[PDB]
Amino acid sequence: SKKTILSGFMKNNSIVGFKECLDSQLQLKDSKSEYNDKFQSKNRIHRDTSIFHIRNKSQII
Amino acid sequence: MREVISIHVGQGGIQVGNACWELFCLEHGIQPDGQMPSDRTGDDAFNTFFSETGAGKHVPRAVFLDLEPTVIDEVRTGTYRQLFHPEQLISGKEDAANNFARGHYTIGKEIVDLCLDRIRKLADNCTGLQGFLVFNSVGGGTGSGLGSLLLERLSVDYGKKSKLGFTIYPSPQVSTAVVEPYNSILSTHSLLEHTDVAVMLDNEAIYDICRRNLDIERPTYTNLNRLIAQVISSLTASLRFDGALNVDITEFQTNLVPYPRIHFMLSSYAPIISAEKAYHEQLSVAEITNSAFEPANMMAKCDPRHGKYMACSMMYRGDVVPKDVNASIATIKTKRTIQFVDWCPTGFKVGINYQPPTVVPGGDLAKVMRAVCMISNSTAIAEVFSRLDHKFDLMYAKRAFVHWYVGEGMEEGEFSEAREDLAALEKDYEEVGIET
Amino acid sequence: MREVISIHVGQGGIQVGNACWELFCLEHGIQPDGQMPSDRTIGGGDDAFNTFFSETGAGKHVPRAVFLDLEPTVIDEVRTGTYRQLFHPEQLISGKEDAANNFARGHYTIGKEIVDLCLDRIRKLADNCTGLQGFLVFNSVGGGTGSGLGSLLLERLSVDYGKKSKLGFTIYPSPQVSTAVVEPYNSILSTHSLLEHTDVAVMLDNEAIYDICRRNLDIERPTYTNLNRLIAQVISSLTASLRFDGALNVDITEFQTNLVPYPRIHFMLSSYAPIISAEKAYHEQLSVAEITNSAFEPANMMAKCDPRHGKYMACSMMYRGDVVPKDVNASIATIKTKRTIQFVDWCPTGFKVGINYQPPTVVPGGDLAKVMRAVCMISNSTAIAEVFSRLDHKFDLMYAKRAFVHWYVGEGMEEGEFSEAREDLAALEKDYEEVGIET
Amino acid sequence: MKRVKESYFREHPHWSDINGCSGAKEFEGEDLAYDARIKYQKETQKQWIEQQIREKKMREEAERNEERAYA
Amino acid sequence: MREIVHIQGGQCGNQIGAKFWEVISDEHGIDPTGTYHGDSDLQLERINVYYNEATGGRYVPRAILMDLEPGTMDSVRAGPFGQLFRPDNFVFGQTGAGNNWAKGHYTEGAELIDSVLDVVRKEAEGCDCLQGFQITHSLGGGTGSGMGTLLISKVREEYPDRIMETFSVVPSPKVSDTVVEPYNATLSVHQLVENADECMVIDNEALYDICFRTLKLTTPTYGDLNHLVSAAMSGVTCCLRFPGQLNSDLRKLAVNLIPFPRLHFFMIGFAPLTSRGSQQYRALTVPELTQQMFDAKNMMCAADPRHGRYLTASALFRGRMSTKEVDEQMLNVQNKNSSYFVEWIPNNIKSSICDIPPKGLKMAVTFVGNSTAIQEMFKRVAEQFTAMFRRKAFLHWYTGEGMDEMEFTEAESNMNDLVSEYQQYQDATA
Ligand SMILES: Nc1nc2c(ncn2[C@@H]2O[C@H](COP(=O)(O)OP(=O)(O)OP(=O)(O)O)[C@@H](O)[C@H]2O)c(=O)[nH]1
Ligand SMILES: Nc1nc2c(ncn2[C@@H]2O[C@H](COP(=O)(O)OP(=O)(O)OP(=O)(O)O)[C@@H](O)[C@H]2O)c(=O)[nH]1
Ligand SMILES: Nc1nc2c(ncn2[C@@H]2O[C@H](COP(=O)(O)OP(=O)(O)O)[C@@H](O)[C@H]2O)c(=O)[nH]1
Ligand SMILES: [Mg+2]
């Protein structure tokens with residue numbers, strides 16, 4: 001019951017390598033585009049001025 | 001993905017292949033019907049010997065040859081009827097009647113073509129063919145003749161594929177036929193330049209082993225075949241089971257054949273102990289390797305003490321540890337009764353497998369957790385060649401039984417050149433054995 | 001990790017080894033079936049059994065012994081005895097035809113057919129061992145096959161092993177009481193052989209033990225069994241210090257380094273005390289002084305010889321029980337003070353003493369009484385020449401008219417080897433006579 | 001071939017088991033189980049002794065009835 | 001920055017590599033799934049030296065796995081941490097070498113190394129600032145010694161300025177497992193001397209001694225032997241990944257250890273190593289570490305260092321410790337044993353300090369020493385080679401694949417030449 005369940009109909013109507021891409025690559029929300037990250041943010045008349053300098057080297061990407 | 005094809009020709013080859021394949025089926029769990037053991041329950045380890053047919057059963061990668069219909073028909077009638085392919089058990093119509101000329105020039109020609117058809121039909125299926133194994137009885141007409149023809153044709157048809165031969169020469173003094181030296185020397189000529197490795201399997205030594213160890217005073221061919229099958233399984237298990245130190249079939253010729261001419265060698269096995277006294281001793285690796293190197297345990301009737309050692313290949317299956325193997329090897333090297341040739345400082349190739357040997361119901365051995373099978377090349381093998389040479393010279397001096405061979409199409413000068421070939425083969429061993 | 005291998009050849013050797021191994025099994029607790037009930041012992045750790053027995057890897061224990069004979073009656077008796085499940089089936093080597101009291105038969109014709117098997121067995125046994133101390137051999141010298149096989153085995157082992165020490169417990173024919181009629185010939189030949197190939201030899205003639213059993217044990221009709229029990233007791237007392245912890249431990253190596261002045265002289269007499277029936281044990285106190293006095297007094301000598309006719313070259317005595325070094329020193333001082341026993345001039349100190357803590361064990365149906373003190377004494381004295389001279393005289397009176405020599409000449413042994421053996425003997429008595437003279 | 005077992009008896013450990021092993025302190029070569037393992041193997045092999053001897057005896061008896069019947 | 005790529009070849013090389021990555025991953029706190037779960041910045045500050053970052057925040061080693069037979073890398077995926085390696089990096093043949101140097105160096109490895117050379121080019125160019133390569137392989141085998149050395153030759157011509165490092169398992173006559181052992185071992189040294197910048201020799205005989213005598217563990221196995229080598233490998237480049245008082249990378253060690261270009265064979269050792277029953281008797285201190293470090297029985301080679309004279313030595317200390325105590329001990333050992341150090345180079349020991357000790361330990365040190373006593377290993381290999389080659393035993397396979405006897409004669413001479421020219425500095429006087 002390993003390769004003896006084989007049939008012509010099953011093979012020719014099956015996708016092996018082009019099915020849905022798995023997780024860890026799905027992670028883009030289709031609605032969010034450019035001009036919406038910044039020009040659709042919310043904006044302020046009085047911002048916040050606090051900025052922190054941590055004693056940790058910045059991660060490189 | 002690695003496959004070895006076993007060739008069985010002659011009654012002796014068939015009757016040893018029976019035990020070998022029973023052992024393989026039992027060891028891999030395949031029923032005689034060719035299926036997994038019923039609906040009670042794969043590791044893809046059977047692929048070395050068996051092939052999936054695409055629906056259910058497995059088919060062995062073997063072929064059986066004979067000109068006597070009796071043995072093959074009785075095999076077909078037997079309980080292994082449904083295991084083998086119906087057209088893989090090729091049978092003849094008339095026996096060679098212990099005549100080498102008949103089976104090499106008259107009868108075997110009408111069957112070698114069909115055997116080649118079947119062998120290439122088996123070879124094209126496998127993708128990682130490791131080599132070939134051939135089993136034959138030398139002291140038989142059809143056995144030796146068909147083995148000669150098959151080896152000669154396979155060499156030209158395939159080229160660099162390795163071939164391993166497990167031949168049975170006649171015993172020094174005890175035998176069953178009266179003309180066996182003739183076809184013996186003829187097959188020796190045929191195989192000398194055509195086989196890559198030859199392993200000696202004289203029957204007298206195995207009778208001695210059974211009488212001394214298994215305490216059986218009524219032994220038959222079945223025990224000998226079971227012992228040979230155990231040897232084959234120990235040799236091959238590295239190709240299909242996981243181990244701490246693996247050795248492939250290509251890693252025997254490159255370590256036991258110092259020169260292309262010299263490839264005749266003999267094997268040993270240990271422990272061979274009856275259950276009545278089997279494990280009332282410790283069976284440490286040290287004493288089992290000592291028993292393996294003990295001269296009385298040679299599977300061929302030869303004394304290694306009469307000559308130098310060329311190289312040794314020994315494989316342990318069970319729960320051995322490399323440090324214990326090293327200690328045992330050091331002890332053997334320090335032992336003085338065993339001496340090696342000067343130009344071989346290190347002469348041991350060791351393999352370790354974790355699959356313990358399997359037991360067959362109705363057998364004589366005992367269920368060990370440790371075992372060792374050792375194959376050694378030594379210059380002492382020339383004694384059997386000398387004693388076989390002396391036997392032939394007696395009959396050939398008076399033209400005894402020569403008209404039976406001449407009348408079957410063989411030229412007169414075949415005997416003289418075969419004798420010269422034996423002389424040259426003896427020439428090689430003593431020259432290389434002497435110190436420089 | 002210290003081991004010895006016991007060699008038993010001949011009917012006498014087999015019968016002695018039976019009692020010896022029975023005593024060893026009872027002492028170390030192994031049942032006759034070979035499976036130990038298992039305990040945590042009483043002395044010297046759980047490694048005591050390693051000296052004589054080897055763990056078989058699956059359950060039982062197998063002794064480090066080999067039995068040799070050509071007449072299969074005693075071997076079959078052992079194989080059908082109570083210890084059938086103890087010994088390995090293939091180490092009890094048996095032949096088919098006895099030598100029939102013929103040294104030539106046992107040394108030249110039907111010996112080579114057994115010596116190869118014996119050597120293979122010895123090699124495989126020695127492979128198991130790691131710290132092999134030496135070999136112990138037991139053989140009757142008045143028997144043809146026993147003497148011949150022992151001599152040939154010693155000849156083979158001398159070149160096979162070499163530096164490994166070999167000890168021998170020989171039973172010479174008694175001065176007047178003997179069973180066979182042609183035993184002088186093979187005794188002379190066997191001595192001629194073993195003199196050059198035996199490291200240490202012990203005399204164990206029958207009559208001394210006969211008289212000992214008649215006197216001390218108050219038993220009128222014992223048999224060979226009791227003699228074997230006494231010999232086994234001597235062996236156990238000799239080898240106890242190897243496996244049992246003691247205040248002073250003496251190895252096999254510390255026998256030849258303290259007892260043989262020269263390699264030519266290694267023939268010794270043994271003595272054991274106290275040995276008395278339980279009936280008479282009700283009265284005396286059994287102190288170290290009296291037991292050593294009983295050991296030294298001549299009538300207790302295990303060999304039919306009188307030490308008062310010679311000097312004491314060296315003495316080895318091993319004490320077992322609750323002995324104390326101060327009290328054994330007191331006994332030694334009293335013995336030295338005594339004037340009846342005298343030592344050779346060039347031996348200012350002549351004692352090597354060993355002490356073991358385990359008291360001797362007892363055997364069911366025995367005669368010896370379980371005591372709390374014991375001592376086994378091994379002495380090397382020049383008085384040994386008397387038995388050699390007596391046997392020389394007997395053999396000369398044998399050979400004056402050339403009797404029984406047809407068998408020896410026709411079996412392959414040449415006629416005059418008796419002459420060379422006699423010359424070796426005479427050289428031996430001359431050596432002993434010359435050694436003992438004062439400087 | 002493959003080396004899927006570190007030894008004949010103990011398999012490859014789980015990843016959580018090897019908490020350290022950066023500094024050489026735990027080697028798992030000291031066994032800590034040798035005595036019990038060999039002791040268990042002793043009786044494990046003794047049972048095989050007893051079994052095989054039993055089938056053997058059965059075989060000689062089955063052989064003997066044949067000659068009895070022929071007699 | 002200044003990161004290195006790892007290469008392992010052969011059955012022996014893969015087993016050493018597999019245990020090495022288990023040690024490094026747990027040192028950096030990386031799970032078998034590639035997700036960091038450590039405890040400090042320093043475990044992640046310089047993790048790019050050995051690990052490549054992919055999508056999803058997982059880390060994958062930049063190791064190349066190579067062999068001529070598919071069985072072993074079927075097995076490496078079956079062990080712990082076997083799913084870290086990128087499946088694209090696996091390259092394998094279908095037949096194998098069968099302990100034949102010519103087969104793995106001329107016929108099969110040559111036609112297959114074109115593929116693995118491409119992936120190495122991809123890894124080397126991808127990184128920002130390459131430091132070098134490190135290779136683990138065995139000289140006694142066919143594919144490990146044969147096809148491994150051809151890669152070393154091929155890579156050297158493409159990156160001449162990059163440091164090349166090797167860990168070689170030199171076969172010993174004591175624990176011998178192959179009859180054709182001397183031939184391929186002798187041939188590989190010829191290729192190894194001209195290409196490798198640093199070669200550290202390892203012998204199975206020495207490793208067995210350490211386990212039996214120092215650790216006193218009952219049943220040694222390749223699992224234990226690989227563990228010792230893996231610990232030594234990590235200690236060499238420890239300061240490259242962590243802060244320290246005196247930093248030292250692979251390039252700095254090469255400058256301070258190699259006097260002349262053809263003397264680059266070192267012997268390594270690791271300390272401390274103690275048994276279970278002796279752990280409560282020793283005291284972990286700087287004087288105690290250096291006492292065991294220079295011990296002859298502690299080296300991972302069969303050559304005794306008291307039969308020759310040290311040329312240079314290097315010690316890399318791990319842990320928080322005082323600098324003065326370290327420096328005075330190095331001076332102390334050199335003054336007391338002035339007969340074991342060559343005299344025309346004063347103060348021939350280098351010291352380095354890293355503040356991060358191995359996990360579960362307070363102090364540790366690795367030793368790399370260039371000694372003139374290493375000639376013993378080549379001498380015993382040479383005598384076995386000349387004994388077999390005088391009668392031309394086991395030669396028809398090497399000759400049957402295109403190699404001629406001139407290659408064997410030249411390989412013997414150069415290896416003989418190295419031994420003679422390596423002893424010449426032992427007797428040098430000032
Ligand atoms: N070891 C072993 N040898 C066998 C066995 N059967 C036959 N032989 C050998 O075969 C030799 C005789 O040849 P046969 O087996 O009768 O048949 P053959 O070799 O094919 O030659 P033909 O008789 O012409 O058919 C004997 O000398 C045996 O040594 C067997 O079961 N075991
Ligand atoms: N102490 C003691 N001596 C024995 C015993 N049995 C035999 N002997 C001695 O052995 C001598 C004769 O040898 P055998 O008993 O016949 O056996 P053997 O020495 O092998 O010689 P063979 O008769 O040829 O077999 C006798 O003189 C006895 O002194 C015994 O049980 N105890
Ligand atoms: N230290 C160590 N040595 C090994 C290991 N595996 C194999 N060896 C050694 O390598 C030698 C054989 O190497 P081999 O398998 O032929 O390497 P290959 O030719 O690359 O496949 C043997 O003598 C072993 O001692 C391992 O895991 N660790
Ligand atoms: Mg036939």
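Residue positions begin at 1 at the first shown residue.
Structure determined by electron microscopy, 3.7 Å.
Placement of Cβ uses the backbone N, Cα and C atoms for every residue, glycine included.
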| message | Quick check: of B:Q11, B:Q339, B:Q355, which does Swiss-Prot put in the same GTP site as B:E68, B:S137, B:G141, B:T142, B:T176, B:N203, B:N225? | response | B:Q11
| note | Candidates B:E68, B:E251 (recorded positions); min other-Cβ count within 10 Å returns B:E68
| How many other Cβ atoms sit within 10 Å of the Cβ of B:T176 (GTP binding site)? | 11
| task | Kindly assign B:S137 (GTP binding site) to one of the three DSSP-derived states: helix, strand or coil. | result | strand
| task | Determine the most Cβ-crowded residue among the binding-site residues B:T142, B:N203, using a 10 Å radius around each Cβ and all protein chains in the structure. | result | B:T142
| Chain-internal residues, separated by at least six, CB under 8 A from B:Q11 (GTP binding site) | B:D66, B:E68, B:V71, B:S137, B:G140, B:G143
| So which recorded positions out of B:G141, B:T176, B:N203, B:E251 are up against ligand 1, CB under 6 A? | B:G141, B:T176, B:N203
| How long is the line from the C-alpha of B:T142 (GTP binding site) to the C-alpha of B:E251 (active site), rounded to the nearest angstrom? | 32
| remark: Per the under 8 Å Cβ criterion, the recorded positions B:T142, B:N225, B:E251 that neighbour chain E are B:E251
| field | Lowest local Cβ density (other Cβ within 10 Å) among binding-site residues: B:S137, B:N225 | value | B:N225
| query | Are any of the recorded positions B:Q11, B:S137, B:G141, B:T176, B:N225, B:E251 near ligand 4, with a Cβ under 6 Å from it, and if so which? | reply | B:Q11
| remark: Students should find that the Cα atoms of B:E251 (active site) and B:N203 (GTP binding site) sit apart, in Å rounded to an integer, by 28
